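run_9.pdb, holding PDB, C-alpha atoms:
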ATOM      1  CA  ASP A  33      27.680 -68.686  65.817
ATOM      2  CA  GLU A  34      29.029 -69.897  62.471
ATOM      3  CA  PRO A  35      32.033 -68.122  60.832
ATOM      4  CA  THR A  36      31.001 -65.459  58.319
ATOM      5  CA  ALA A  37      32.636 -63.444  55.530
ATOM      6  CA  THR A  38      31.506 -60.046  54.201
ATOM      7  CA  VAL A  39      31.820 -60.087  50.423
ATOM      8  CA  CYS A  40      31.573 -56.815  48.449
ATOM      9  CA  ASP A  41      33.438 -57.556  45.190
ATOM     10  CA  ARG A  42      31.079 -57.274  42.215
ATOM     11  CA  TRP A  43      32.058 -60.863  41.319
ATOM     12  CA  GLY A  44      32.906 -62.053  44.824
ATOM     13  CA  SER A  45      32.096 -65.597  45.968
ATOM     14  CA  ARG A  46      32.531 -68.134  48.780
ATOM     15  CA  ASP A  47      32.403 -71.896  48.930
ATOM     16  CA  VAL A  48      30.034 -72.929  51.716
ATOM     17  CA  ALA A  49      28.769 -76.046  53.517
ATOM     18  CA  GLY A  50      32.043 -77.862  52.897
ATOM     19  CA  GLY A  51      31.857 -77.047  49.195
ATOM     20  CA  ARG A  52      28.381 -78.386  48.535
ATOM     21  CA  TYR A  53      27.043 -74.909  47.615
ATOM     22  CA  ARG A  54      28.548 -71.603  46.491
ATOM     23  CA  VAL A  55      27.392 -68.079  47.297
ATOM     24  CA  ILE A  56      27.939 -65.242  44.812
ATOM     25  CA  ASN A  57      27.575 -61.490  45.233
ATOM     26  CA  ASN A  58      26.914 -61.390  41.511
ATOM     27  CA  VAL A  59      26.359 -57.675  40.775
ATOM     28  CA  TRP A  60      26.000 -58.479  37.081
ATOM     29  CA  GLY A  61      23.834 -55.586  35.875
ATOM     30  CA  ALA A  62      25.294 -52.424  37.496
ATOM     31  CA  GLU A  63      28.322 -50.794  39.106
ATOM     32  CA  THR A  64      26.460 -49.809  42.298
ATOM     33  CA  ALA A  65      27.765 -51.118  45.609
ATOM     34  CA  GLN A  66      26.555 -54.276  47.345
ATOM     35  CA  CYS A  67      27.813 -56.377  50.237
ATOM     36  CA  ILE A  68      26.569 -59.688  51.589
ATOM     37  CA  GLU A  69      27.429 -61.297  54.907
ATOM     38  CA  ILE A  70      27.793 -65.053  54.301
ATOM     39  CA  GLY A  71      27.607 -67.900  56.813
ATOM     40  CA  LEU A  72      30.378 -70.255  55.727
ATOM     41  CA  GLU A  73      28.737 -73.424  57.110
ATOM     42  CA  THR A  74      25.084 -72.900  56.129
ATOM     43  CA  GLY A  75      25.558 -70.588  53.168
ATOM     44  CA  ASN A  76      22.942 -68.292  54.738
ATOM     45  CA  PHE A  77      23.486 -64.675  53.591
ATOM     46  CA  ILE A  78      22.134 -61.205  54.297
ATOM     47  CA  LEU A  79      22.383 -58.053  52.133
ATOM     48  CA  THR A  80      24.266 -55.629  54.392
ATOM     49  CA  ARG A  81      24.697 -53.029  51.670
ATOM     50  CA  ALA A  82      22.732 -52.458  48.475
ATOM     51  CA  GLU A  83      22.879 -49.136  46.710
ATOM     52  CA  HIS A  84      21.201 -50.101  43.480
ATOM     53  CA  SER A  85      18.959 -47.782  41.531
ATOM     54  CA  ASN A  86      18.909 -49.364  38.109
ATOM     55  CA  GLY A  87      15.584 -48.404  36.574
ATOM     56  CA  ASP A  88      13.859 -51.476  35.193
ATOM     57  CA  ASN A  89      17.052 -53.446  34.575
ATOM     58  CA  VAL A  90      18.183 -56.017  37.157
ATOM     59  CA  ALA A  91      21.315 -54.696  38.908
ATOM     60  CA  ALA A  92      22.320 -57.856  40.799
ATOM     61  CA  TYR A  93      21.326 -61.378  41.796
ATOM     62  CA  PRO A  94      23.183 -62.304  45.013
ATOM     63  CA  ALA A  95      22.506 -66.048  45.166
ATOM     64  CA  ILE A  96      23.420 -69.495  46.476
ATOM     65  CA  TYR A  97      23.717 -72.479  44.144
ATOM     66  CA  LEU A  98      24.364 -76.124  43.513
ATOM     67  CA  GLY A  99      26.053 -77.024  40.227
ATOM     68  CA  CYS A 100      27.942 -74.971  37.617
ATOM     69  CA  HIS A 101      27.438 -71.210  37.272
ATOM     70  CA  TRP A 102      29.311 -69.985  34.183
ATOM     71  CA  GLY A 103      31.776 -72.867  34.575
ATOM     72  CA  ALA A 104      32.345 -72.401  38.308
ATOM     73  CA  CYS A 105      31.181 -75.728  39.815
ATOM     74  CA  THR A 106      30.370 -76.760  43.381
ATOM     75  CA  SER A 107      31.724 -80.031  44.816
ATOM     76  CA  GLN A 108      30.209 -83.282  43.630
ATOM     77  CA  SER A 109      26.991 -81.598  42.517
ATOM     78  CA  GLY A 110      25.849 -84.348  40.151
ATOM     79  CA  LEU A 111      25.437 -81.674  37.467
ATOM     80  CA  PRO A 112      25.334 -81.067  34.653
ATOM     81  CA  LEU A 113      22.707 -83.752  34.020
ATOM     82  CA  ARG A 114      20.390 -84.067  31.049
ATOM     83  CA  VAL A 115      16.795 -83.059  31.692
ATOM     84  CA  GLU A 116      15.513 -86.426  30.443
ATOM     85  CA  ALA A 117      17.998 -88.096  32.868
ATOM     86  CA  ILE A 118      16.691 -86.323  36.003
ATOM     87  CA  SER A 119      14.444 -88.501  38.231
ATOM     88  CA  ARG A 120      13.774 -86.065  41.100
ATOM     89  CA  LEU A 121      14.731 -82.554  42.125
ATOM     90  CA  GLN A 122      13.612 -80.704  45.235
ATOM     91  CA  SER A 123      14.740 -77.804  47.352
ATOM     92  CA  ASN A 124      14.231 -76.005  50.661
ATOM     93  CA  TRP A 125      14.700 -72.251  51.162
ATOM     94  CA  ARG A 126      13.648 -69.526  53.590
ATOM     95  CA  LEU A 127      13.754 -65.830  52.798
ATOM     96  CA  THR A 128      13.377 -62.744  54.954
ATOM     97  CA  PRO A 129      11.577 -59.985  52.991
ATOM     98  CA  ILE A 130      11.987 -56.211  53.453
ATOM     99  CA  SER A 131       9.590 -53.227  53.279
ATOM    100  CA  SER A 132      11.523 -51.138  50.782
ATOM    101  CA  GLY A 133      13.306 -51.408  47.425
ATOM    102  CA  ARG A 134      12.376 -53.150  44.207
ATOM    103  CA  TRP A 135      13.419 -56.811  44.229
ATOM    104  CA  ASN A 136      12.243 -60.394  43.986
ATOM    105  CA  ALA A 137      13.146 -63.625  45.787
ATOM    106  CA  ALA A 138      13.504 -66.281  43.127
ATOM    107  CA  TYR A 139      15.098 -69.558  42.070
ATOM    108  CA  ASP A 140      17.111 -69.364  38.811
ATOM    109  CA  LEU A 141      17.951 -72.631  37.004
ATOM    110  CA  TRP A 142      20.212 -72.713  33.958
ATOM    111  CA  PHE A 143      20.102 -75.167  31.032
ATOM    112  CA  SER A 144      21.857 -75.649  27.735
ATOM    113  CA  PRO A 145      22.627 -78.242  25.121
ATOM    114  CA  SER A 146      26.308 -78.082  26.086
ATOM    115  CA  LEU A 147      28.168 -80.040  28.788
ATOM    116  CA  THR A 148      30.121 -76.899  29.672
ATOM    117  CA  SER A 149      28.944 -73.468  30.865
ATOM    118  CA  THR A 150      32.151 -71.444  31.004
ATOM    119  CA  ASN A 151      30.673 -69.279  28.254
ATOM    120  CA  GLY A 152      27.098 -69.110  29.514
ATOM    121  CA  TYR A 153      23.843 -70.613  28.277
ATOM    122  CA  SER A 154      23.028 -69.169  24.838
ATOM    123  CA  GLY A 155      20.848 -71.644  22.928
ATOM    124  CA  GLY A 156      19.534 -73.008  26.220
ATOM    125  CA  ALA A 157      17.100 -71.771  28.864
ATOM    126  CA  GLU A 158      16.686 -70.054  32.189
ATOM    127  CA  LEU A 159      13.877 -71.135  34.486
ATOM    128  CA  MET A 160      12.943 -68.822  37.333
ATOM    129  CA  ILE A 161      10.540 -69.397  40.227
ATOM    130  CA  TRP A 162       9.481 -66.156  41.892
ATOM    131  CA  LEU A 163       8.315 -66.592  45.507
ATOM    132  CA  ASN A 164       8.164 -63.008  46.781
ATOM    133  CA  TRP A 165       8.902 -59.444  45.572
ATOM    134  CA  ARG A 166       8.248 -55.764  46.113
ATOM    135  CA  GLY A 167       7.585 -52.829  43.846
ATOM    136  CA  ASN A 168       5.578 -54.253  40.927
ATOM    137  CA  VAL A 169       8.676 -55.733  39.296
ATOM    138  CA  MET A 170       7.710 -57.966  36.305
ATOM    139  CA  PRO A 171       9.216 -61.106  34.704
ATOM    140  CA  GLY A 172      10.723 -60.802  31.222
ATOM    141  CA  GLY A 173       8.620 -61.585  28.174
ATOM    142  CA  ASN A 174       4.867 -62.154  28.135
ATOM    143  CA  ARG A 175       2.373 -63.883  30.412
ATOM    144  CA  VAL A 176       1.338 -67.090  28.654
ATOM    145  CA  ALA A 177      -0.539 -69.234  31.209
ATOM    146  CA  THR A 178      -1.524 -70.000  34.790
ATOM    147  CA  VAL A 179      -0.649 -73.451  36.126
ATOM    148  CA  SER A 180      -0.985 -75.688  39.255
ATOM    149  CA  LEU A 181       2.479 -77.130  40.030
ATOM    150  CA  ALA A 182       4.288 -78.436  43.094
ATOM    151  CA  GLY A 183       1.415 -77.728  45.466
ATOM    152  CA  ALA A 184       0.694 -74.131  44.433
ATOM    153  CA  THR A 185      -0.481 -71.920  41.570
ATOM    154  CA  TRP A 186       1.813 -69.916  39.227
ATOM    155  CA  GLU A 187       1.776 -67.404  36.390
ATOM    156  CA  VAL A 188       3.860 -68.631  33.463
ATOM    157  CA  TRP A 189       5.979 -65.978  31.656
ATOM    158  CA  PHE A 190       8.055 -66.635  28.544
ATOM    159  CA  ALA A 191      10.660 -64.661  26.604
ATOM    160  CA  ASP A 192      12.480 -65.746  23.495
ATOM    161  CA  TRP A 193      15.987 -64.302  23.955
ATOM    162  CA  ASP A 194      19.460 -65.740  23.227
ATOM    163  CA  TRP A 195      18.198 -68.369  25.652
ATOM    164  CA  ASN A 196      14.595 -69.271  26.440
ATOM    165  CA  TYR A 197      13.445 -67.500  29.608
ATOM    166  CA  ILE A 198      10.626 -69.084  31.586
ATOM    167  CA  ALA A 199       9.433 -67.549  34.852
ATOM    168  CA  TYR A 200       6.886 -69.000  37.262
ATOM    169  CA  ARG A 201       5.533 -66.290  39.525
ATOM    170  CA  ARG A 202       3.597 -67.614  42.539
ATOM    171  CA  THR A 203       0.012 -66.255  42.522
ATOM    172  CA  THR A 204       0.565 -65.305  46.157
ATOM    173  CA  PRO A 205       3.954 -64.645  47.778
ATOM    174  CA  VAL A 206       5.549 -66.899  50.437
ATOM    175  CA  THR A 207       8.618 -66.639  52.683
ATOM    176  CA  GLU A 208       9.600 -70.309  52.673
ATOM    177  CA  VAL A 209       9.394 -73.487  50.631
ATOM    178  CA  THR A 210       9.879 -77.009  51.973
ATOM    179  CA  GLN A 211      10.707 -79.781  49.510
ATOM    180  CA  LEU A 212       9.632 -77.671  46.557
ATOM    181  CA  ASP A 213       9.354 -79.959  43.553
ATOM    182  CA  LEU A 214      11.653 -78.204  41.054
ATOM    183  CA  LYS A 215      11.230 -81.059  38.499
ATOM    184  CA  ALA A 216       7.510 -80.170  38.210
ATOM    185  CA  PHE A 217       8.510 -76.775  36.756
ATOM    186  CA  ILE A 218      11.081 -78.299  34.495
ATOM    187  CA  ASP A 219       8.571 -80.820  33.109
ATOM    188  CA  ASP A 220       5.990 -78.052  32.529
ATOM    189  CA  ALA A 221       8.562 -76.004  30.599
ATOM    190  CA  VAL A 222       9.445 -79.118  28.571
ATOM    191  CA  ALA A 223       5.761 -79.753  27.837
ATOM    192  CA  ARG A 224       5.427 -76.156  26.596
ATOM    193  CA  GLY A 225       8.344 -76.580  24.218
ATOM    194  CA  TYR A 226      10.496 -74.068  26.129
ATOM    195  CA  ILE A 227      13.122 -76.521  27.349
ATOM    196  CA  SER A 228      14.447 -79.411  25.291
ATOM    197  CA  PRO A 229      14.633 -82.604  27.362
ATOM    198  CA  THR A 230      18.068 -83.259  25.799
ATOM    199  CA  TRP A 231      19.449 -80.015  27.272
ATOM    200  CA  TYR A 232      21.518 -80.248  30.479
ATOM    201  CA  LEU A 233      20.565 -78.691  33.791
ATOM    202  CA  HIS A 234      23.765 -76.917  34.884
ATOM    203  CA  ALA A 235      22.866 -75.055  38.049
ATOM    204  CA  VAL A 236      20.123 -74.685  40.619
ATOM    205  CA  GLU A 237      20.331 -71.266  42.303
ATOM    206  CA  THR A 238      18.200 -69.064  44.454
ATOM    207  CA  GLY A 239      18.591 -65.456  45.614
ATOM    208  CA  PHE A 240      17.180 -61.984  45.054
ATOM    209  CA  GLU A 241      17.050 -60.055  41.817
ATOM    210  CA  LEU A 242      17.661 -56.451  42.835
ATOM    211  CA  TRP A 243      16.490 -53.448  40.802
ATOM    212  CA  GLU A 244      16.530 -50.871  43.633
ATOM    213  CA  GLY A 245      17.958 -51.270  47.149
ATOM    214  CA  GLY A 246      17.865 -54.656  48.869
ATOM    215  CA  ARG A 247      19.570 -54.074  52.224
ATOM    216  CA  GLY A 248      18.331 -56.537  54.826
ATOM    217  CA  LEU A 249      17.052 -59.279  52.503
ATOM    218  CA  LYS A 250      18.234 -62.618  53.901
ATOM    219  CA  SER A 251      18.579 -66.113  52.397
ATOM    220  CA  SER A 252      18.475 -69.055  54.898
ATOM    221  CA  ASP A 253      18.261 -72.838  55.168
ATOM    222  CA  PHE A 254      19.017 -73.592  51.480
ATOM    223  CA  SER A 255      19.079 -77.244  50.424
ATOM    224  CA  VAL A 256      18.903 -78.975  47.068
ATOM    225  CA  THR A 257      18.324 -82.698  46.583
ATOM    226  CA  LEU A 258      18.940 -84.164  43.139
ATOM    227  CA  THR A 259      18.303 -87.722  41.968
ATOM    228  CA  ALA A 260      19.398 -89.064  38.590
ATOM    229  CA  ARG A 261      17.469 -91.769  36.687
TER     230      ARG A 261
END
Here is the file; what I need is its structure written in the form of structure tokens.
Amino acid sequence: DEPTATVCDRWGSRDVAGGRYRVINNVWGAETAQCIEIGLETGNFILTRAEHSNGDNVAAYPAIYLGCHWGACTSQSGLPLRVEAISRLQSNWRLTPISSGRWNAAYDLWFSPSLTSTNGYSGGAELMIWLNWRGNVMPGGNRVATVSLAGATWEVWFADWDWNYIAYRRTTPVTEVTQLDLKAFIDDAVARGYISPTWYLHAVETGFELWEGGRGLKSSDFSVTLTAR
């Protein structure tokens, strides 16, 4: 049994896996209560409390990440790194779904033309990869395409906000990915004109966007492997 911490602060976080990843409670869109129980070695986490009821606005995105999330960096992440300077990028993840609430299980990658992210990613992009969900929750923006990438099929959604938002929603849900080729999504977004290849990738995250509820969702077995050109 690995050591755990129970984090309930709206902006609470823990370094995990010797500093390689970081886990964030990240209740960014509401004041409703949420706790996660975090395994300090693996970075595995489970929602032990989630009282969100936020209409059609995301209340929270409890998540684990490699890289720099609003200027808070993990240890020796190799990011930020320019998109054109990435050779390979893959990730493992396993999620445990629940039978209630309105939520998704989704990667969230953050880009911008700047080398720093302390002030966020305006003028850059956010690339999501939705693997599972409940409650007919929808990506931002408009559906623009359907695409074969990384060994599966995806809906492509795009919004033009302060940053470019691109979401890939899997055509059928899964509970795990093994060596998911994240660069395939990046290169598709570049080809579409949604990400500039001279923008930096700052952070590779995954977690659950929560609109309503969430208790019992679990994130396990996260890994990211990045290779620079």
> Could you name the residues that touch range 239-243 of chain A at 6 Å or less, counting only C-alpha atoms, but leaving out those on the same chain fewer than 3 positions away, as a PyMOL selection string?
Replying inline: chain A and resi 86+90-95+134-138
Keeping only C-alpha atoms, write the selected residues to a file as a tab-separated table (two decimals), in the coordinates of the input.
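For reference, selection.tsv as written:
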chain	number	residue	atom	x	y	z
A	86	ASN	CA	18.91	-49.36	38.11
A	90	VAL	CA	18.18	-56.02	37.16
A	91	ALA	CA	21.32	-54.70	38.91
A	92	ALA	CA	22.32	-57.86	40.80
A	93	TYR	CA	21.33	-61.38	41.80
A	94	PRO	CA	23.18	-62.30	45.01
A	95	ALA	CA	22.51	-66.05	45.17
A	134	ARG	CA	12.38	-53.15	44.21
A	135	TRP	CA	13.42	-56.81	44.23
A	136	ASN	CA	12.24	-60.39	43.99
A	137	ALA	CA	13.15	-63.62	45.79
A	138	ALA	CA	13.50	-66.28	43.13
>> Given the PyMOL selection byres ((chain A and resi 207) around 6) and the file above, list the residues it selects as number ranges by chain.
In response: A: 126-127, 206, 208
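Once the PyMOL selection byres ((chain A and resi 194) around 9) is applied to this file, the selection holds residues 153, 154, 155, 156, 157, 192, 193, 195, 196 and 197 of chain A.
Counting only C-alpha atoms, the residue from A:123, A:148, A:204, A:180 that sits nearest to residue 163 in chain A is A:204.
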> So, counting all atoms listed in the file, which residue among A:237, A:34, A:73, A:244 is closest to residue 159 in chain A?
Replying inline: A:237
> If you count all atoms listed in the file, which residues fall within 8 Å of range 116-122 of chain A, apart from same-chain ones fewer than 6 positions away, as an NGL selection string?
Replying inline: :A and (211-215 or 229-230 or 256-261)
> Taking into account only C-alpha atoms, which residue in the set A:216, A:106, A:201, A:170 is nearest to residue 183 in chain A?
Replying inline: A:216
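The residues that lie within 7 Å of the point (17.6, -71.5, 37.1), counting only C-alpha atoms, are residues 139, 140, 141, 142, 158, 159, 160, 235, 236 and 237 of chain A.
Taken over the whole file, the PyMOL selection byres ((chain A and resi 51) around 10) covers exactly residues 46, 47, 48, 49, 50, 52, 53, 54, 72, 73, 75, 98, 105, 106, 107, 108 and 109 of chain A.
Nearest to residue 99 in chain A of all the residues A:210, A:238, A:185, A:203 is A:238, counting all atoms listed in the file.
Picture a line from CA of residue 81 in chain A to CA of residue 248 in chain A; it runs 7.9 Å.
Candidate residues A:133, A:205, A:78, A:89 were compared for distance to residue 60 in chain A, and the nearest is A:89, using only C-alpha atoms.
Reported to one decimal place, the separation of CA of residue 220 in chain A from CA of residue 100 in chain A is 22.7 Å.
Shortest separation to residue 88 in chain A among A:182, A:190, A:101, A:168 occurs at residue A:168, atoms counted being all atoms listed in the file.
When CA of residue 187 in chain A is paired with CA of residue 111 in chain A, their separation reads 27.7 Å.
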>> List the spatial neighbours of residue 146 in chain A as a PyMOL selection string - criterion: any atom at most 8 Å away, all atoms listed in the file, same-chain residues fewer than 2 positions off excluded.
In response: chain A and resi 144+148-149+231-232
Can you report as AutoDock Vina command-line options the centre and edge lengths in Å, to one decimal, of an axis-aligned box around the listed atoms of range 176-185 of chain A padded with 4 Å on each side?
--center_x 1.4 --center_y -72.8 --center_z 37.1 --size_x 13.8 --size_y 19.3 --size_z 24.8
